[PDB]
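Step one of this worksheet: look at the structure below.
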Amino acid sequence: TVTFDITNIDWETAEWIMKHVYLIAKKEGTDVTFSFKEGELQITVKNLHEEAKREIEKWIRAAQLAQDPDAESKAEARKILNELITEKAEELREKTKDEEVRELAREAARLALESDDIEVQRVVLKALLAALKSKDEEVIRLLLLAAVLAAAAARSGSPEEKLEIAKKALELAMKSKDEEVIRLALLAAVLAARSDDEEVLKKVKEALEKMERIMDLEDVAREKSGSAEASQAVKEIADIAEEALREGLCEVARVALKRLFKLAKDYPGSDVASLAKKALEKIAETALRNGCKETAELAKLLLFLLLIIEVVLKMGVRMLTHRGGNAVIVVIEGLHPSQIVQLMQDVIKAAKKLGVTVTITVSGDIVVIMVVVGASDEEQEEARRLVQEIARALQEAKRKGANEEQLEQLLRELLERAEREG
Amino acid sequence: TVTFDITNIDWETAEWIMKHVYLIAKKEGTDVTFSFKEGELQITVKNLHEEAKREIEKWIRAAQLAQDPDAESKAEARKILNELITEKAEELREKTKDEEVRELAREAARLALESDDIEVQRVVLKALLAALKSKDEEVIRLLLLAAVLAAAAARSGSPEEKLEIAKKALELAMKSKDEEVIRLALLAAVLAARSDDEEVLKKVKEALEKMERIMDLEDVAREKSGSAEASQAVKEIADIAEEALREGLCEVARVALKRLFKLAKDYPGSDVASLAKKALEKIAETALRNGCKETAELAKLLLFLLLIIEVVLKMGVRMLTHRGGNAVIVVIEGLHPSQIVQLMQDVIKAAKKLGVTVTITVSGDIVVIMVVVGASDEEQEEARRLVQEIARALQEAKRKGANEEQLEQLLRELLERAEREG
Amino acid sequence: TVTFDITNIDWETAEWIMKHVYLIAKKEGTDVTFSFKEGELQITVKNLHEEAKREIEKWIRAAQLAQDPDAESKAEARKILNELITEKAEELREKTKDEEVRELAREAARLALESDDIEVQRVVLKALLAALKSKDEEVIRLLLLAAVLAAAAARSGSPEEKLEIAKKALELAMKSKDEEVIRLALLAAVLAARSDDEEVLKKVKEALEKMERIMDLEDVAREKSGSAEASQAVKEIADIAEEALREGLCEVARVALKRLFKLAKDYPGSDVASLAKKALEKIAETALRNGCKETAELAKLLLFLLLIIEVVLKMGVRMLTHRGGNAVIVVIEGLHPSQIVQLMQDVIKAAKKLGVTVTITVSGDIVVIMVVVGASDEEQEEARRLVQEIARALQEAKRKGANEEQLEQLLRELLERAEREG
Amino acid sequence: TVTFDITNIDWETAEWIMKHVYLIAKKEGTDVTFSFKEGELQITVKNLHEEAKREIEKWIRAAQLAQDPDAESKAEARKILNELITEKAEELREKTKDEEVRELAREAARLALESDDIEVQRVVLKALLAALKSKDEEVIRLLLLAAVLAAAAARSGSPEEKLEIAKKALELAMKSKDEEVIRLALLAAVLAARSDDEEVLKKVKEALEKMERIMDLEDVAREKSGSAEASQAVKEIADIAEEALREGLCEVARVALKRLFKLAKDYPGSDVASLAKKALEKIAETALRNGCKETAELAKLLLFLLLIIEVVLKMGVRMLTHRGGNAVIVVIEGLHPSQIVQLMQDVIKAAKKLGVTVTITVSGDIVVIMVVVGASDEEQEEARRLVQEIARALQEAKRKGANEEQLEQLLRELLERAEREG
Amino acid sequence: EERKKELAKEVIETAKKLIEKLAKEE
Amino acid sequence: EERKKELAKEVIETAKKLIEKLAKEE
Amino acid sequence: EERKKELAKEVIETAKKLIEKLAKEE
Amino acid sequence: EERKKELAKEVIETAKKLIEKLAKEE
């Protein structure tokens, strides 16, 4: 067995040490005992590997010297904290596979090395300790964006405007339920926290508060569903989306579009959903009048997606749905022949309204639909290749005996293939 | 793969193309892709056969020439529509087996050839496509009768009376859900459409009006069940059957009989059904005073079937049930010996009232009953042979361990045999 | 196959024919067909044996002769019906074990042969036909007693009081659901029907009226259970038991005790049952003070039987609860050891007042209780031998894995053994 | 067979004989019959061993001679009952394991030898016979404490105060359901019965009364839970616990803690439980200020135990909950990594106020917690060994695939090991 | 005659019914 | 002319609908 | 005497009851 | 400085809580 023993430790320092030690022990695959007193901590581990033993020793030393009232001990703590942070930040580099994430990681490490405050340093360490475990590089983007935002806003010369922006942004991030919104808020906040331009700060603070207004209105509309008050709130959401397009900060309009789409998807056939589709059309028209391409294409995309969901619900059939940057795909399964005819009939009935490029593929008892806009003729012909390949892969896998859960997985692997063939 | 493309195409023309092409691809058992724009249509198929390729190519050609505002293009479209229609009409001949259906098909193609209108040609084409799909010939009769009625009413220079009649009948067919009524109505309308005698038109229009009165009254009675209003609706249904008999429009009386029978079967033990049974006796006497044998016996025939259903519900067991033009059969299984004596007593009690010539056969734990009326002594003796053979077949099927689903089909195969040993 | 053909037949005659002939076909285990008209009947039978063919032919001949207006035909009908009756009465003899049932059969045949009436003779033939089908010689006693009663009451020279008595008795036989009471009524009615003395008629008519009062009060008490009216009706049932004991009748007192016992057993622990137990002691005391030995012992028996049942229900355990003449037995199963001691204590808690000779035997997880009264001590010693043997057989059978139904059957076989060792 | 026969036996003597005879036959694994009259009993057994037959003979002889009006017969009965008591007490002395029980047993036999009364001797016999059947040395302690208490209070020349004390305590034991409290009440009553100081009698009577007030308020709070009256009753229970500490009545103070703990455990998250935790802190502080060391440690234990229970309920997970003298243990299985981290906050957050010595151990997906107080640091180090060995054993038990029932048993076997390594 | 003749029919029919009831409930 | 063309379109549509209604069942 | 003899019987009976109440849960 | 030191602690705590929220679904 291996043992550690930690004298004169203050309770807040004690409430740190075990957390980090446990995470290392759970990384190394070893059992642990811990015991606590007023002023003392004792720990024992099954046959701990020397590399982890040295890292735990480094952390224990750092904890004592971070508590110590001596300025030279606190300086040595800043050094050991930044040293451990730098090793963890380096450990993330090979694991991560997106260059913007690698940029964010290197920036976080640099911001921490510039930071005067051990508590900032420790939360940056906490973010990196989450990132190293994290399964999704997009969650790593959220984590590192939050890390960067915390560090860059917490700086020793930071204006209260920057602190207010960070507080608004992080509160919005904590309140939100869709990761895409969290990204769009945090990214704008990070760009503000990196900058010194008071116009960028002002624009971002208004934009974050306009996102907050959108988030709050969606909470009100949702929780008060089945009412004239919710029906009134739909109009107000759409009108803030229109104001966002009139101002041109159209990333928040992307938020508002998605918020309306959630409401519409969550309450099929309702008067609310009936208001939402009509709103989404005016928002698309407003986005076309303002030339905001990806946003306008997103409005078209969401409209068509609602329509196939509505067709599916009216047919009462199984479907699967996934999304991408400039296209949508919906896969229908077990569709009865008269419903194959009727779905085809309705896809045209949608298409001749919305003006989209659209492709439909029929194989076995599966139909794959793909919709795309703004892309070139050649990109559309490659998308035509992809949807045909998606139908081939799905039906040949189902012919090979792929279960429902295996086809549900396969759409993720095909969505990745569709990025890999880019 | 095989690929096609189509240019300057109208949306409605595209909707007709995709449906018809998909049907051919599904007929050939092959997978497909379609892709759409305002004005264009790409089509692709797995390894399409040269003949199906020529059918699709011809249909595409015809579709463009049917869109085309040039009269000579529309003339070529009328020709290619007639060509495709004629080939499909020939394709139906070998599949079909009832000579009245074969006559109806032959006559439908003749009516199409006279037509000026591509949408009539489309109806005919859709009907024939449905008939080729159809598993049941009686649905083929319904389909072809609708096709014939559409064409024969649509003709250039037609009276508005024929169109009004056709509209009344087709609206009744759209409202109704009892296939024999639909047949009787459509047949009467087809005879009116094929005739040119205004008295035939008048008679059929009053007949369809009274069919519709009875159909509406059944909806009223059913949805208002358990009321004096439903009792008033029964009284009117019964008195309309008296009107139908006094007018000699015996198909309408045939309708009225079933319309009572449905209500009686659907609401067992009720006062409403008790009125309906008494009405069927009134209708039987009223029909016997007028001498139309099919309806006059059919009133008795339904009565005995209701009486068997009533005592079988009092026994609390499932039964087989079937039909014929001059006879009825019901089969019971697992019946307790005292209930066999009671059913015997009740069947004789029923005959002691209704005067219906009857036979009952018992074997194993199976009771087979047959009733027959108006048939000669030789036809009765053949029916006697048949019910005994039906008992042999049913008991030998129970020796094979058959469940009732197979027995209901075996009674169909035995009904076929009965119509084919003769 | 064999066929029969029956001209100019009246409907009631035809109804009688099939009812017999089907039962003969089912007795022969063979398939059949029947056909009916106004005035004619035809029958066809699979694999018919000549002796059964002669039975069916005799029946058919008798049916014609019983329809005929001629007195000489009706005389030959009486002869052939009496011949069939006599042969079937002879067929009944060696089915039976009980000599009283043999005497009832012998006397039934005698009464039928002495009778003037076709209608009696036919229903006597139906009774004998039911006796041949019967499984239980006690039900044969009920059947034959009813037959005897009908015949003996129907006689051409009879006093009219006998017809009233027979009707009253049969109405109770139809109203009841307790075969022992049906026997007690029918036996008294048969003894009355036989009588040359009007005192017997008077006594039996008043006794049947008190049986009716008792039966009607049980309907009142049951259908109003838990009411003050039912609570009052308990008292009145016990008052009729007091009328009966004042009038010296033990037979109806058995009825009165049983009806209280049913009410108690069907509503355990209730205030109604609490009145009933107290009443049963009052009735026992009254029966002992009047020397009504058989019913007095029955009152003791039913009292302890309720107490065993109620301590069993207060323990919630399974029991078996068969009965015999002048003794009671109860078997307790799966009883927890504390409950074993407690139930054994409660048997004393009952016996300490009731004074019954009681024996209790314990083996495995089974208790056997037996009680007896009025017997000589050598008969009590044989009862002791029997209860010990019952415990041996039961526990050796449960050790041999005997289930609930097999042990329930073993109590029948042991109950018979307790008479066969006599 | 073996048979016994007994005459002129009174009904209470008959009840006396059977019960023990059946328990002997059940001990010897043999089947039995008994049979009863006014004044007579006969008994038969399958082939009983002569030593058990001699016990039945002694019991019978004693029963007759205890019924007999002759004082010398009653003296002979006193001698036979003392002989049986002595034999069974010697059997218990051999069979037992607890030294306090081995004190109590000898002392009970000594009190019986002093006794004048057959009825005391009989209940003493019932207790000893229960102890010979009994599964738990602590239930044997309860049985013997009741036996001693009955005997020591019953002795000739006793003051009525001892009888009143015994009656109060035995009524309290019949009212209660909490085994440990019954132990504490009976022990105090036994010490009072053995003592002769009227101040000790007075003190124990006031203590038993306050135990009774405590149980009464617990019934009020438990049965009226969620009421303002129950919310008031918490304060009363706590204030009576404060009276118990102010008076220094040490055992009842321990009782009062456990009562609040039960209420809190039975109604988690409630206002009632929220009052109870605050009360337990108040009582703990009161116990620390008064130097009631073992009781104060018990209060601290119950506090920490509630806090772990309620954070475990907030985690929503299965646990093992267990106990011992002057330490507490809880074990968690399958805990989520974030909940491991949260527990690693919460336990430390609890400890920061409560001031305990605490240890926590993580192995695989199991967490073992142990808490201890007042122990010397070497006893704390042995507890640190024990909790780690408890984790080793529990890990090895989950590695053996053991279900929680076997783990809760393993915690008993580990608790016994921890006493036997002492 | 008449009340006896009807009582006999009622008895015989009651017996016929009772016979079926006794056959059914066994 | 025009009312007959409308009635014909209504007949044709009802026929197409009825054809689908029939074709659904078997 | 008598009140003590009664109290002793009540003690003994309560002890009998308690012995059963203790044993019953095993 | 004090209001900024509090806002910084609020940011840090909010970030810790957000790191937990981002982690706890994983």
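FYI, nothing fancy with the structure tokens labels: chains A, B, ... in order, residues from 1 per chain, ligands from 1 as they appear.
Proximity to residue 4 (chain F) at 12 Å, evaluated using only C-alpha atoms and with sequence-adjacent residues fewer than 2 positions away removed, yields residues 153, 154, 155, 156, 157, 158, 159, 160, 161, 162, 163, 164 and 167 of chain B; 1, 2, 6, 7, 8, 9, 10, 11 and 12 of chain F.
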Selected residues written out, C-alpha atoms, as a PDB file, in the first residue's frame:
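Contents of the output file selection_23.pdb:
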```pdb
ATOM      1  CA  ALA B 153     -70.982  10.867 -67.599  1.00  0.00           C
ATOM      2  CA  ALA B 154     -68.040  13.036 -68.759  1.00  0.00           C
ATOM      3  CA  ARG B 155     -68.716  12.694 -72.548  1.00  0.00           C
ATOM      4  CA  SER B 156     -68.790  15.765 -74.814  1.00  0.00           C
ATOM      5  CA  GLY B 157     -72.437  16.838 -75.376  1.00  0.00           C
ATOM      6  CA  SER B 158     -73.753  14.940 -72.258  1.00  0.00           C
ATOM      7  CA  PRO B 159     -76.982  16.044 -70.471  1.00  0.00           C
ATOM      8  CA  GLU B 160     -76.389  17.757 -67.100  1.00  0.00           C
ATOM      9  CA  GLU B 161     -78.802  15.147 -65.627  1.00  0.00           C
ATOM     10  CA  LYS B 162     -76.138  12.442 -66.218  1.00  0.00           C
ATOM     11  CA  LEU B 163     -73.483  14.610 -64.498  1.00  0.00           C
ATOM     12  CA  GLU B 164     -75.856  15.332 -61.589  1.00  0.00           C
ATOM     13  CA  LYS B 167     -72.097  13.327 -58.829  1.00  0.00           C
TER      14      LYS B 167
ATOM     15  CA  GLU F   1     -70.052  24.800 -71.110  1.00  0.00           C
ATOM     16  CA  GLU F   2     -68.244  26.113 -67.942  1.00  0.00           C
ATOM     17  CA  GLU F   6     -66.525  22.194 -63.374  1.00  0.00           C
ATOM     18  CA  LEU F   7     -68.896  19.226 -62.741  1.00  0.00           C
ATOM     19  CA  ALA F   8     -66.578  17.058 -64.881  1.00  0.00           C
ATOM     20  CA  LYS F   9     -63.531  18.170 -62.813  1.00  0.00           C
ATOM     21  CA  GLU F  10     -65.513  17.421 -59.631  1.00  0.00           C
ATOM     22  CA  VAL F  11     -66.548  13.989 -60.992  1.00  0.00           C
ATOM     23  CA  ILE F  12     -62.936  13.277 -62.074  1.00  0.00           C
TER      24      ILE F  12
END
```
Q) Near chain G, which residues of chain C fall within 10 Å when you count only C-alpha atoms, and what do they look like as number ranges by chain? A) C: 336-339
(Q) Taking only C-alpha atoms into account and nothing else, which residues of chain C lie no more than 12 Å away from chain D? Please answer as a count of residues only. (A) 50
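For region 189-192 of chain A, the non-local neighbours within 7 Å, defined as residues at least 3 positions apart in the same chain or in other chains and counting only C-alpha atoms, are residues 145, 148, 149, 165, 166, 169, 185, 186, 195, 200, 201 and 204 of chain A.
CA of residue 120 (chain D) to CA of residue 150 (chain D) spans 7.6 Å [interatomic distance, one decimal].
Put simply, CA of residue 419 (chain C) is 28.5 Å away from CA of residue 334 (chain C).
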Q.
If DSSP is run on the backbone, what residues of region 168-350 of chain C are alpha helix (DSSP H)? A reply as a PyMOL selection string would be ideal.
A. chain C and resi 168-175+179-194+198-223+228-246+251-266+271-289+293-315+337-350
Using the selection just defined, write its residues with C-alpha atoms as a short mmCIF file (atom, residue, chain, number, x, y, z; two decimals), in the first residue's frame.
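This is the output file selection_9.cif:
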```cif
data_model
loop_
_atom_site.label_atom_id
_atom_site.label_comp_id
_atom_site.auth_asym_id
_atom_site.auth_seq_id
_atom_site.Cartn_x
_atom_site.Cartn_y
_atom_site.Cartn_z
CA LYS C 168 -95.35 -26.19 -3.81
CA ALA C 169 -92.58 -28.79 -3.40
CA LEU C 170 -91.37 -28.49 -7.01
CA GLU C 171 -91.36 -24.66 -6.80
CA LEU C 172 -89.02 -25.00 -3.79
CA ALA C 173 -86.95 -27.57 -5.74
CA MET C 174 -86.57 -24.91 -8.48
CA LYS C 175 -86.06 -21.89 -6.11
CA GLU C 179 -79.51 -30.21 -2.83
CA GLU C 180 -80.00 -31.52 0.74
CA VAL C 181 -83.04 -29.20 1.14
CA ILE C 182 -84.34 -30.26 -2.27
CA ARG C 183 -84.14 -33.89 -1.02
CA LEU C 184 -85.85 -33.06 2.30
CA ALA C 185 -88.74 -31.34 0.47
CA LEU C 186 -89.10 -33.94 -2.33
CA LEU C 187 -88.97 -36.91 0.08
CA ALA C 188 -91.79 -35.43 2.20
CA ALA C 189 -93.73 -34.68 -1.01
CA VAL C 190 -93.28 -38.30 -2.26
CA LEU C 191 -94.47 -39.69 1.09
CA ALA C 192 -97.51 -37.35 0.77
CA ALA C 193 -98.14 -38.33 -2.89
CA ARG C 194 -98.20 -42.02 -1.79
CA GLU C 198 -105.11 -36.64 4.58
CA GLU C 199 -103.27 -36.00 7.91
CA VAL C 200 -100.00 -36.70 6.04
CA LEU C 201 -101.08 -34.29 3.27
CA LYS C 202 -101.93 -31.56 5.85
CA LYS C 203 -98.63 -32.07 7.74
CA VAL C 204 -96.50 -32.06 4.57
CA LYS C 205 -98.27 -28.96 3.13
CA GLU C 206 -97.65 -27.00 6.35
CA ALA C 207 -94.04 -28.29 6.43
CA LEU C 208 -93.44 -27.17 2.81
CA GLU C 209 -94.92 -23.76 3.74
CA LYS C 210 -92.37 -23.52 6.61
CA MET C 211 -89.59 -24.63 4.22
CA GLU C 212 -90.77 -21.82 1.91
CA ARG C 213 -90.81 -19.27 4.78
CA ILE C 214 -87.25 -20.34 5.67
CA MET C 215 -86.01 -20.18 2.06
CA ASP C 216 -87.64 -16.77 1.47
CA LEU C 217 -86.14 -15.40 4.71
CA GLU C 218 -82.66 -16.53 3.55
CA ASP C 219 -83.20 -14.58 0.30
CA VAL C 220 -84.23 -11.54 2.42
CA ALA C 221 -81.25 -11.89 4.79
CA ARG C 222 -78.73 -12.46 1.93
CA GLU C 223 -79.90 -9.81 -0.57
CA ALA C 228 -81.04 -3.97 10.28
CA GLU C 229 -83.68 -5.86 8.20
CA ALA C 230 -81.27 -8.78 7.68
CA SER C 231 -80.34 -8.55 11.41
CA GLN C 232 -84.10 -8.85 12.20
CA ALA C 233 -84.54 -11.69 9.64
CA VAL C 234 -81.86 -13.80 11.46
CA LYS C 235 -84.07 -13.71 14.60
CA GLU C 236 -87.12 -14.73 12.57
CA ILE C 237 -85.25 -17.67 10.94
CA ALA C 238 -84.34 -18.85 14.43
CA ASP C 239 -88.01 -18.34 15.47
CA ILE C 240 -89.09 -20.75 12.68
CA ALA C 241 -86.46 -23.19 13.97
CA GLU C 242 -88.21 -22.80 17.36
CA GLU C 243 -91.64 -23.34 15.67
CA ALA C 244 -90.18 -26.52 14.12
CA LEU C 245 -88.74 -27.84 17.41
CA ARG C 246 -92.02 -26.98 19.26
CA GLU C 251 -86.32 -32.53 9.17
CA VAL C 252 -87.12 -28.83 8.65
CA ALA C 253 -84.90 -27.96 11.63
CA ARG C 254 -81.96 -29.33 9.54
CA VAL C 255 -83.04 -26.84 6.84
CA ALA C 256 -83.25 -23.96 9.33
CA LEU C 257 -79.83 -24.74 10.86
CA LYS C 258 -78.26 -25.07 7.38
CA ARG C 259 -79.68 -21.71 6.20
CA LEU C 260 -78.21 -19.95 9.26
CA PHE C 261 -74.93 -21.84 8.70
CA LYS C 262 -74.81 -20.67 5.05
CA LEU C 263 -75.44 -17.04 6.10
CA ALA C 264 -72.74 -17.29 8.78
CA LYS C 265 -70.19 -18.97 6.44
CA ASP C 266 -70.94 -16.46 3.61
CA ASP C 271 -72.82 -8.71 13.30
CA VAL C 272 -75.26 -10.85 11.22
CA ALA C 273 -73.02 -13.91 11.77
CA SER C 274 -72.64 -12.88 15.46
CA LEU C 275 -76.45 -13.07 15.82
CA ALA C 276 -76.46 -16.37 13.89
CA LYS C 277 -73.91 -18.17 16.16
CA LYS C 278 -75.88 -17.11 19.29
CA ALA C 279 -79.09 -18.26 17.59
CA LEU C 280 -77.51 -21.64 16.69
CA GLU C 281 -76.70 -22.20 20.40
CA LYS C 282 -80.34 -21.25 21.28
CA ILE C 283 -81.55 -23.74 18.64
CA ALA C 284 -79.16 -26.42 19.96
CA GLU C 285 -80.40 -25.84 23.55
CA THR C 286 -84.02 -25.95 22.30
CA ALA C 287 -83.33 -29.18 20.32
CA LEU C 288 -81.59 -30.85 23.31
CA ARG C 289 -84.44 -29.85 25.69
CA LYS C 293 -81.34 -36.01 18.72
CA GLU C 294 -80.38 -35.93 15.00
CA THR C 295 -80.92 -32.17 14.52
CA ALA C 296 -79.56 -31.43 18.04
CA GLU C 297 -76.30 -33.18 17.14
CA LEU C 298 -76.36 -31.30 13.79
CA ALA C 299 -76.61 -27.98 15.68
CA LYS C 300 -73.53 -28.94 17.78
CA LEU C 301 -71.73 -29.98 14.59
CA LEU C 302 -72.46 -26.74 12.74
CA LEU C 303 -71.52 -24.69 15.83
CA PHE C 304 -68.03 -26.17 16.13
CA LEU C 305 -67.66 -26.10 12.33
CA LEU C 306 -68.22 -22.32 12.36
CA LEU C 307 -65.70 -21.93 15.20
CA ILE C 308 -62.99 -23.92 13.34
CA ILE C 309 -63.74 -21.93 10.14
CA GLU C 310 -63.52 -18.61 12.03
CA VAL C 311 -60.27 -19.39 13.92
CA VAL C 312 -58.87 -20.53 10.53
CA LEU C 313 -59.99 -17.23 8.92
CA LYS C 314 -58.45 -15.26 11.87
CA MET C 315 -55.19 -17.15 11.07
CA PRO C 337 -45.95 -23.61 14.97
CA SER C 338 -47.22 -20.79 17.22
CA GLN C 339 -50.58 -21.04 15.36
CA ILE C 340 -50.46 -24.89 15.81
CA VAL C 341 -50.36 -24.46 19.60
CA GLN C 342 -52.87 -21.55 19.45
CA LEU C 343 -55.42 -23.45 17.26
CA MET C 344 -55.06 -26.49 19.55
CA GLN C 345 -55.75 -24.08 22.44
CA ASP C 346 -58.76 -22.62 20.57
CA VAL C 347 -60.20 -26.13 20.01
CA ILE C 348 -60.16 -26.42 23.80
CA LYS C 349 -61.65 -22.87 24.05
CA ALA C 350 -64.61 -24.18 21.95
#
```
